[PDB]
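This report concerns only the one structure given below.
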Amino acid sequence: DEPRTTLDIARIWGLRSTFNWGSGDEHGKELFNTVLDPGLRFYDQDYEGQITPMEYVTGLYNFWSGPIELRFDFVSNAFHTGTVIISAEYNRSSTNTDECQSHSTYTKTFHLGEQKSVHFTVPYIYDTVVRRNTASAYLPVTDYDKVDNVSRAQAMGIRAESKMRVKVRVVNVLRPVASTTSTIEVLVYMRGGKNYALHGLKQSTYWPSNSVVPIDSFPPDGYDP
Amino acid sequence: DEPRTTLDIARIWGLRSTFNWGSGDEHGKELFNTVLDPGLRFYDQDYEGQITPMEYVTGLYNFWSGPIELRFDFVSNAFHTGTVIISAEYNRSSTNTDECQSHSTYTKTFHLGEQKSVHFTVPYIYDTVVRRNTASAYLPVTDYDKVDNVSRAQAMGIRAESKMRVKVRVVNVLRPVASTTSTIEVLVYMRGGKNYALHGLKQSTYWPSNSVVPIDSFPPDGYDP
Amino acid sequence: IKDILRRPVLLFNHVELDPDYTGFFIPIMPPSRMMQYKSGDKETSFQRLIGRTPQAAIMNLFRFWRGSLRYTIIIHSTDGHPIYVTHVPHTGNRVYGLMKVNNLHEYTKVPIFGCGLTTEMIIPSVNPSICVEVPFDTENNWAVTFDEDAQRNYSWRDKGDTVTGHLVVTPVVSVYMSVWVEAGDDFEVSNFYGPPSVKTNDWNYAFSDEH
Amino acid sequence: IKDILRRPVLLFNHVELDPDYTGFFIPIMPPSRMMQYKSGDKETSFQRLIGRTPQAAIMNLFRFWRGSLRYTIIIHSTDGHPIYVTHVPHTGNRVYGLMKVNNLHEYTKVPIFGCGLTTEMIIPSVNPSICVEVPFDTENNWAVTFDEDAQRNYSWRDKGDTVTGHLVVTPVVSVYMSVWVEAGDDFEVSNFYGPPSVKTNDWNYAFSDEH
Amino acid sequence: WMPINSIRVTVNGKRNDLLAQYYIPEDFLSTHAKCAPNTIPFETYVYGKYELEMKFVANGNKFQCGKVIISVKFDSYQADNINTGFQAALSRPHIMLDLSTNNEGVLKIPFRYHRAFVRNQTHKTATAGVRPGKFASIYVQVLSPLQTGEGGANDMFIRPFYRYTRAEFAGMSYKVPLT
Amino acid sequence: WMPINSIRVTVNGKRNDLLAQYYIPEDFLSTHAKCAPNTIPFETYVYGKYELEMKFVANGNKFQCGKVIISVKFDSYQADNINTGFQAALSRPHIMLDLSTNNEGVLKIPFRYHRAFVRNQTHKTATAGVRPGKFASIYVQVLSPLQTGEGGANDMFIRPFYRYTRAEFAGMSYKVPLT
Amino acid sequence: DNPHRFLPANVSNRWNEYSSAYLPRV
């Protein structure tokens, strides 16, 4: 049952994000919206938290390819009812208020009711056979050095930022009974597809941020109390 | 369809030169005259232009051999009429005014009319099995240094200049109709024969003369505007 | 996983060997969060980039490991002096760097390499580099990869279970060395822990494709 | 064509490696008009005769290339210090010579060879020369051979497609090196462009057979 | 078949002069024949592979004479100003038009690109890191200048026509106006 | 499938009230879903035969209740204001939507027209003697008014979707903007 | 500054490459 390859670890489901869906949310409203890049979660800010297994492992490689799977678990009961539409968008992105632009792409409409979960394979449609990682191959900065344009100019590579997105919009407004909660949380999982690939070993993007202590000489280094 | 060898590139037709043929040109007049040397176009001046594929590739080798093919495309119409004689001359050359000297060698008379093109294989007849290149094997002069006799005396080799020529003379004077042009242009193509050979890799004779810029560090070297 | 772990990871970058000591100790354990640098902590002989290697990232997921490790040691010299690399089995301690064993001030008459333990010599004039394979000479079934706190003073027998022994380098005269480590052919990992809490700031030190 | 391209072409003639930097970068691309010297332009570390080699003349005709290149690196020394040659895959930049990565002033504690990337060491005391084969680790099908203007600031992702990665040489102490390049066994060229506009002045620097 | 803009060849035109040039598919979408039904699938799809066929039809009189060459350069982005002569055209896949006889010529253009697909359209939301809509260049060049008789016509015309022999599209999206 | 404009059903809506109506194909070309790729062939071709399929999806809560009917009238030009009741809808091909259960309904619409073809587009040059782009009418009507509970929602929504099962086109011409 | 960086406006398009309209480049 133990994973043999890096691709086996990428096939483990991991919680990316969470979003709320309420009865106040009008039709065509973006409940969820993100750039699907397993290289970096953000291009414009620091990340700190529990990254998904497929993102963690993709951080070790310079290249990735293949479909990415998603799973939307709705933390609800039987009395909650509504409809959403998941949409994989390519090349160009849609306006936040324009639902019709999202509907034109590769979509799956989910009728929430008794079933409180839906799977979604995101097709890999790019100009290249593989995508290079947005993160760096080698980063010698260890002590949070204040960056300048000269430092950026002398970087390892140039970040090819992805414009490909997945969005979740309201089709039918959530109409739960008065007895139950009006708003529900939706857990967004991700993993690599069955034909997910990785290549080009490099410096890891992610590194432990909690309870990091270097080893000392036991017992010479003041272990005898 | 892509070329696999240097000999495959030498088998591509390439425009050497152009010459005019008019109604004023009397019989026995040299329309065309050149030394057939794929090593160098000129012995007594600089060359700059679009060199033929077979000359470009022959510049990479110290030795060459085999027949050379020619093609004379007459930029004319049906109403143009006349005759020329192509002549491959060996060892000794003919006088410009003496047509009879050119007629004694290996010749092909072409009757211009409906057909506006003629092919001509030049036989390889030399004292040696292969010919060495007239150009240098190694030239360290990069900055157009003003040459002296001491520089020439300390050259890589001695230029064995060829006396073999091809000429095109008027047999019958061009007699076009009054309605059309009196003068026409003739395009002279060349390539290596089916048994054209090359040997002895060396420094290239020819090198790019247009839009030559050396690489710089991207983006360190002032790419950030 | 095994293919990734079998490539070498650079541990020590040009570290001094001193003949006044017993030798430079290397604890037999793979690269992991245990050897990770943190901005502000005390300066060690270890390199700062061990934590961010592919293998270290993999070994953070598995808390068990069994089998042999391979150590590529390069002596920065071209002298005819022999530099000895002695293998110590699992005794129960965990140390690194230069150490005087039993705090003596003389070790030429009582060398660790001439005590009885398994030893191999490097002759820099012939070859300054060597690759040595250390066995799994321990009482335990598995060797523990990492702990939550490496510097915590807990039960002393359990404290030493993170290593399977030591590798001690002893010179004749003062000389520097560099050390790599990799997994052997006979090597396994188990006890999958899953991914930990992590941080990154790679975005900040690079331009986008739109200038 | 393949036979011609597989012979070595000398790139750098006795160029300095400095340990204050990360290392001497070599962009993974074959010889061509891109590395051609022009009389008057700024002086580079590259040799002047790369443009006039047989292989460079061939590569000017083909704008696509796929497969591996082989780099013969000679370190001008007989010391016991290890000089590391690290392979970087296609990241999207294009640089050469000595460079401080992220403009730091210390790289012994954070070496490029001990980050995780594929690396090979040279030990001049044993052998000052090495021959290393770099793979085709890129997203694109073909690598672009040349551009019309090498120094033009155009779309940044397309700008880096002329290389498939880098080869970084890092010393211990200050030392010089010389570098050749050739095509690998697994290597192809395509996208035939035909002959460009050219010039020569070889006639002028030689006597004729008639004095 | 879909016709594109007319080409004028004059007596003033010298050898090596560009009569016309086309960056494809870009120029067949948003400059030449913009209202063609050939351009409809490019509105919705973002990627594609494209193999073309280009016919050329000349109409010069019997008392005129001259030569024109049309060639193709595969993956020509930031390499249009080099290997761009009559000699480079004669080397690469090409056709030759005699201006007196009025012989037709057909260029069969395969897909030879350094990526798997070529991007169809630019967009405000889309990245500027990849310049789209260009996998090749076509050049129409003078090989031998046009000549004419006494009191003759000082120019004559050529008309190109294009068609996709194999146009596969990929990555469906919302429809957009072309450039 | 291509979605068209949303329909709002309120408690105020009485029996026999038109919620929406569609003159087809006209209204699917130049009002509803104008940027759809379904509308691309209508630009070039002047005539055609058209068999459609229209799916309807309702979303009312369990404490609501009501009935909606959708029907089709073939060749409805100058006969939309007669035989246009709930009773006429029940007679003609139709579907019935219960607003509580949220059952889906599909209308299979054949081509039944007094001519061979229907004209696709009007034009300045084209005749005004024949009114084009209308071979049928679709009606969405209230059968039983929407009702709700105490402090409940006073409205709920229905979404139509259309597709051509058999769209044959005839008479090619230059491309024009739709209406 | 470096003249290769940016093309003059008359010969080039918006993307900073030789315009297709500008025939005289050859």
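Each chain in the structure tokens gets a letter, A, B, ..., in the order shown, and its residues are numbered from 1; ligands are numbered from 1 in order too.
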
### Task
Mind checking which residues fall within 7 Å of residue 167 of chain A, counting only C-alpha atoms, ignoring those fewer than 4 positions away in the same chain, and posting them as a list in words?
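Non-adjacent residues within range: residues 30, 32, 33, 34, 86, 87 and 88 of chain A.
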
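Near residue 80 of chain D, within 10 Å and counting only C-alpha atoms, sit residues 74, 75, 76, 77, 78, 79, 124, 125, 127, 128 and 129 of chain C; 122, 123, 124, 125 and 126 of chain D, not including residues fewer than 5 positions from it in the same chain.
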
Counting only C-alpha atoms, give me one row per residue of chain G with an atom at most 10 Å from an atom of chain B, showing the shortest contact pair and its distance in Å to one decimal, sorted by chain then residue number, as CSV.
```
residue,atom,partner,partner_atom,distance
G:1,CA,B:222,CA,9.5
G:2,CA,B:222,CA,8.8
G:4,CA,B:213,CA,9.2
G:5,CA,B:223,CA,8.0
```

Taking N, CA and C atoms for each residue, export the selection above as a tab-separated table (two decimals), in the first residue's frame.
```tsv
chain	number	residue	atom	x	y	z
G	1	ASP	N	21.68	54.72	-25.64
G	1	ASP	CA	21.46	53.32	-25.16
G	1	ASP	C	21.69	52.34	-26.33
G	2	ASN	N	21.46	51.05	-26.07
G	2	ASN	CA	21.59	49.98	-27.07
G	2	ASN	C	20.50	50.16	-28.12
G	4	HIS	N	19.57	48.15	-30.62
G	4	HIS	CA	18.93	46.88	-31.00
G	4	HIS	C	17.68	46.61	-30.16
G	5	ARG	N	17.59	47.23	-28.97
G	5	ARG	CA	16.53	46.97	-27.97
G	5	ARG	C	15.14	47.23	-28.58
```

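For the residues E:63, E:47, E:139, E:1, ranking by smallest atom-to-atom distance to chain G using only C-alpha atoms places E:139 first.
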
Write out as a JSON list (two decimals) with N, CA, C and O atoms, in the first residue's frame the residues lying within 8 Å of residue 44 of chain A, counting only C-alpha atoms and excluding same-chain residues fewer than 2 positions away.
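Saved the output as selection_19.json:
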```json
[["chain", "number", "residue", "atom", "x", "y", "z"],
["A", 42, "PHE", "N", 0.38, 30.90, -5.61],
["A", 42, "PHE", "CA", 0.33, 32.35, -5.87],
["A", 42, "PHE", "C", 1.57, 32.79, -6.65],
["A", 42, "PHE", "O", 2.66, 32.25, -6.45],
["A", 46, "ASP", "N", 3.38, 35.34, -0.74],
["A", 46, "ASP", "CA", 3.94, 34.17, -0.07],
["A", 46, "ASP", "C", 2.81, 33.19, 0.26],
["A", 46, "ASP", "O", 1.68, 33.60, 0.54],
["C", 203, "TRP", "N", 8.51, 32.95, -5.76],
["C", 203, "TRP", "CA", 7.84, 33.93, -6.64],
["C", 203, "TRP", "C", 8.59, 35.28, -6.65],
["C", 203, "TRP", "O", 8.72, 35.90, -7.71],
["C", 204, "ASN", "N", 9.06, 35.71, -5.48],
["C", 204, "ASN", "CA", 9.53, 37.08, -5.23],
["C", 204, "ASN", "C", 10.85, 37.35, -5.97],
["C", 204, "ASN", "O", 11.10, 38.49, -6.38]]
```

### All residues 10 Å or closer to segment 11-16 of chain G, only C-alpha atoms, same chain fewer than 4 positions away omitted, as a PyMOL selection string
(chain D and resi 152-155) or (chain E and resi 128+131) or (chain G and resi 5-7+20-25)

#### Entry: Test item: chain E residues at most 10 Å from chain B, counting only C-alpha atoms, as a PyMOL selection string
chain E and resi 61-67+81-83+85-88+90-93+98-101+143-152

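Using only C-alpha atoms, the shortest contact distance between chain C and any of E:127, E:141, E:12, E:165 is found at E:127.
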
Can you list, as a PDB file with N, CA, C and O atoms, in the first residue's frame, every protein, DNA or RNA residue that comes within 7 Å of segment 47-49 of chain C when you count only C-alpha atoms, leaving out same-chain residues fewer than 6 positions away?
```pdb
ATOM      1  N   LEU C  11      26.844  17.240   1.652  1.00  0.00           N
ATOM      2  CA  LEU C  11      26.631  17.517   3.084  1.00  0.00           C
ATOM      3  C   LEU C  11      27.553  18.655   3.546  1.00  0.00           C
ATOM      4  O   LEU C  11      27.068  19.703   3.974  1.00  0.00           O
ATOM      5  N   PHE C  12      28.870  18.426   3.456  1.00  0.00           N
ATOM      6  CA  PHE C  12      29.904  19.315   4.008  1.00  0.00           C
ATOM      7  C   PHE C  12      30.740  19.905   2.863  1.00  0.00           C
ATOM      8  O   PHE C  12      31.244  19.159   2.023  1.00  0.00           O
ATOM      9  N   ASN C  13      30.864  21.242   2.841  1.00  0.00           N
ATOM     10  CA  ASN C  13      31.587  21.986   1.799  1.00  0.00           C
ATOM     11  C   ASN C  13      32.903  22.517   2.380  1.00  0.00           C
ATOM     12  O   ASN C  13      32.909  23.542   3.068  1.00  0.00           O
ATOM     13  N   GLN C  36      18.205  20.620   8.190  1.00  0.00           N
ATOM     14  CA  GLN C  36      17.654  21.810   7.533  1.00  0.00           C
ATOM     15  C   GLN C  36      18.147  23.064   8.264  1.00  0.00           C
ATOM     16  O   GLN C  36      18.122  23.115   9.497  1.00  0.00           O
ATOM     17  N   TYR C  37      18.584  24.066   7.489  1.00  0.00           N
ATOM     18  CA  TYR C  37      18.982  25.374   8.011  1.00  0.00           C
ATOM     19  C   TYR C  37      17.730  26.240   8.210  1.00  0.00           C
ATOM     20  O   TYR C  37      16.798  26.192   7.403  1.00  0.00           O
TER      21      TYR C  37
ATOM     22  N   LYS D 109      28.451  28.288   1.176  1.00  0.00           N
ATOM     23  CA  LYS D 109      27.432  27.718   2.069  1.00  0.00           C
ATOM     24  C   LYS D 109      26.175  27.318   1.281  1.00  0.00           C
ATOM     25  O   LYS D 109      25.433  26.442   1.728  1.00  0.00           O
ATOM     26  N   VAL D 110      25.945  27.961   0.125  1.00  0.00           N
ATOM     27  CA  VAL D 110      24.791  27.688  -0.750  1.00  0.00           C
ATOM     28  C   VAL D 110      25.291  27.426  -2.172  1.00  0.00           C
ATOM     29  O   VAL D 110      25.015  28.200  -3.087  1.00  0.00           O
ATOM     30  N   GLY D 114      25.263  21.589  -4.857  1.00  0.00           N
ATOM     31  CA  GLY D 114      24.638  20.940  -3.692  1.00  0.00           C
ATOM     32  C   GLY D 114      23.247  21.474  -3.385  1.00  0.00           C
ATOM     33  O   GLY D 114      22.892  21.617  -2.212  1.00  0.00           O
ATOM     34  N   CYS D 115      22.461  21.760  -4.435  1.00  0.00           N
ATOM     35  CA  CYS D 115      21.063  22.211  -4.316  1.00  0.00           C
ATOM     36  C   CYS D 115      20.083  21.052  -4.568  1.00  0.00           C
ATOM     37  O   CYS D 115      19.000  21.033  -3.976  1.00  0.00           O
TER      38      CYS D 115
END
```

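Once segment 63-71 of chain B and its same-chain neighbours fewer than 3 positions away are set aside, residues 118, 119, 120, 121, 122, 123, 124, 130, 131, 132, 133, 188, 189, 190, 191, 192, 193, 195, 196, 197, 198, 199 and 200 of chain B remain within 7 Å of it when counting only C-alpha atoms.
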
Write a file of the just-selected residues containing N, CA and C atoms, as a compact mmCIF listing (two decimals), in the first residue's frame.
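Below you can see selection.txt, which holds the result:
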```
# COMPACT_ATOMS: atom_id res chain seq x y z
N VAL B 118 18.27 25.90 -71.05
CA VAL B 118 19.20 24.88 -71.53
C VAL B 118 20.11 24.45 -70.37
N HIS B 119 20.31 23.13 -70.24
CA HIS B 119 21.20 22.52 -69.25
C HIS B 119 22.56 22.26 -69.90
N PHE B 120 23.63 22.28 -69.08
CA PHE B 120 25.00 22.05 -69.55
C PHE B 120 25.84 21.46 -68.42
N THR B 121 26.22 20.18 -68.58
CA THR B 121 27.21 19.52 -67.73
C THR B 121 28.61 19.93 -68.20
N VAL B 122 29.43 20.44 -67.27
CA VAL B 122 30.84 20.76 -67.51
C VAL B 122 31.67 19.54 -67.12
N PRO B 123 32.34 18.84 -68.07
CA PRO B 123 33.24 17.74 -67.73
C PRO B 123 34.42 18.17 -66.83
N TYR B 124 34.78 17.30 -65.87
CA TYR B 124 35.98 17.44 -65.04
C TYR B 124 37.16 16.81 -65.78
N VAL B 130 41.67 15.12 -57.84
CA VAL B 130 40.96 16.17 -57.10
C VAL B 130 41.73 17.49 -57.21
N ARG B 131 41.03 18.60 -56.98
CA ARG B 131 41.59 19.95 -56.94
C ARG B 131 41.55 20.48 -55.51
N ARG B 132 42.65 21.12 -55.08
CA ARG B 132 42.71 21.78 -53.77
C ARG B 132 42.07 23.17 -53.89
N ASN B 133 41.54 23.67 -52.77
CA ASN B 133 40.78 24.91 -52.70
C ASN B 133 41.75 26.09 -52.82
N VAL B 188 22.11 32.60 -64.85
CA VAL B 188 23.10 31.52 -64.88
C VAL B 188 23.11 30.82 -63.51
N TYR B 189 22.54 29.61 -63.46
CA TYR B 189 22.52 28.77 -62.26
C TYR B 189 23.71 27.80 -62.29
N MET B 190 24.03 27.23 -61.13
CA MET B 190 25.06 26.19 -60.99
C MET B 190 24.72 25.28 -59.80
N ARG B 191 25.17 24.03 -59.91
CA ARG B 191 25.22 23.08 -58.81
C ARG B 191 26.31 22.04 -59.09
N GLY B 192 26.67 21.27 -58.06
CA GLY B 192 27.55 20.12 -58.20
C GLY B 192 26.87 19.01 -58.98
N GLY B 193 27.65 18.27 -59.78
CA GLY B 193 27.15 17.13 -60.56
C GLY B 193 26.73 15.98 -59.66
N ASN B 195 28.16 13.13 -59.44
CA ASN B 195 29.39 12.58 -58.88
C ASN B 195 30.31 13.71 -58.38
N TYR B 196 29.73 14.76 -57.78
CA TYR B 196 30.49 15.84 -57.14
C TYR B 196 30.95 15.35 -55.76
N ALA B 197 32.22 15.61 -55.43
CA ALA B 197 32.86 15.13 -54.20
C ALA B 197 33.53 16.30 -53.46
N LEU B 198 33.65 16.14 -52.14
CA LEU B 198 34.28 17.11 -51.24
C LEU B 198 35.04 16.35 -50.14
N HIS B 199 36.18 16.91 -49.70
CA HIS B 199 37.03 16.28 -48.68
C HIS B 199 37.98 17.31 -48.05
N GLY B 200 38.29 17.10 -46.77
CA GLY B 200 39.27 17.89 -46.01
C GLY B 200 38.65 19.11 -45.36
```
